[PDB]
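Only one chain is given next, in structure tokens, and it is the form deposited in one PDB entry.
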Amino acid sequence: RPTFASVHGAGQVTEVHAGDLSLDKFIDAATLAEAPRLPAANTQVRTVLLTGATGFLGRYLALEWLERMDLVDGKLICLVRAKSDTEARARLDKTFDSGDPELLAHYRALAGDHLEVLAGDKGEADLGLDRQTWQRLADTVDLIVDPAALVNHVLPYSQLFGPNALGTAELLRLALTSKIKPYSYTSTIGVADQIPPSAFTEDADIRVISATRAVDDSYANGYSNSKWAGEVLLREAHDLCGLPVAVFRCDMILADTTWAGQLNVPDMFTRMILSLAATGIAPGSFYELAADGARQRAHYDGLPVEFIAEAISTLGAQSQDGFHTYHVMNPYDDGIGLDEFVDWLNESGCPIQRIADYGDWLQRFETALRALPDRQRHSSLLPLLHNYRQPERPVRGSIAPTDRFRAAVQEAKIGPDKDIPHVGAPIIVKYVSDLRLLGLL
């Protein structure tokens, strides 16, 4: 099998190059030679392969695809990690049994005729699948939707290579066999960590603007490198056979209001809301104060999960030809930041008082967190407090450009706003109600 050492280490690896991620290292010559000669899958999608359905964004994508497949009497095939197909199906079923009877009924009804779950692993040859089954997927899948990844901000690229880079290449083997398949991929806006902002855009070829990258100790260095590698491989595949590709660079994915009991508990944002609610204390401002000591206008760049899933699905690779990259970010200079979230929590009846001095708040906050019972404390912000030692510098809008994504969302009239949504009080309040349902508050 291809490995991080084999691909990038041909001393230790201190830098990686886009050029090293050539398809010949991952895919056999016969497949590569044949790919440009193959026919395309039917433009009308009737079979979808979705990875990461047990994930937070992934489960929302599974609902979108189950609904879409229900329209056309089609099939959704989900690749899930488990020791057997039966166990894999049980894991997915559990994902949707969260204390919301309506969600459970909706999933069950759709799943009965439109869902197939296969146990597998992206890092393994043939996705860990039986060869005949892999061939069936190659023959029948009309779209690959691939949000699965190991999302870990502290691990090195050497360890994230298998699930995130090699895993992309394995899916590409499928996309390049029998019939050419559109591929929708989620990346991270964090790939910009090593790219000059003046050069970073949606339209750019990632291989050109990020040809060489460092391997080091900076935050999320490994994770961002791993996601970049998947984008590079997709670019190589597109040059080879023209497969339609949609890359969605995401960041903060928030909970949403339709279904109860659905949160990404370990996520830093979830931990922050639980912590504020449980302790009842917030700082005068989460952000740097102005010269006159006033609270400054700020914006929290995050988007609710249902909107993101709908956008990835509607604007994805099956929707048009070519290679398209989108920045799934909240671009508004709307004044809705962490301080506003605290105010919304209070308006909802969750009493949170402000401690004016940031340092004073931080010490009181750590003490209060330490005093919480184990179940709350374990899911709190305490293990991540080092990230909050200083107040945040406020930003008006997003750090990333969103011109292509916003225009596409507006053109497709996605969601209630027919545009990228703002974050509102219901999103924040949903964290509290869900935390209560889950037993954390």
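Basically, rigid core = biggest C-alpha set you can superpose within 1.5 Å across the two forms. Note that residue numbering begins at 1 and tracks the sequence as displayed.
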query	finding
Unresolved deposited residues in the interval that joins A10 and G11	1 to 3
Residue stretch of maximal mean CA temperature factor, 202 to 210 vs 95 to 103	95 to 103
Of 385 to 393 and 63 to 71, the one with larger mean CA B-factor	385 to 393
Largest Cα B-factor, entry values, listed residues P156, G120, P147, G230	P156
Per the PDB entry, maximal CA B factor within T51, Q410, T402, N42	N42
CA B-factor placement of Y358, once the chain's modelled residues are sorted into thirds	highest
Chain-relative CA temperature factor third for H114	highest
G293 - Cα temperature factor, lowest/middle/highest third of chain	highest
Position of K418 among the chain's modelled residues by C-alpha B-factor, lowest, middle or highest third	middle
Among modelled residues of the same chain, the CA temperature factor third for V16	highest
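One more form of this protein, deposited in another entry, exists but is not displayed; see below.
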| item | value |
| --- | --- |
| Residue among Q363, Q135, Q320, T257 whose Cα moves 2 Å or more between the shown form and the other one, once the rigid core is superposed | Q363 |
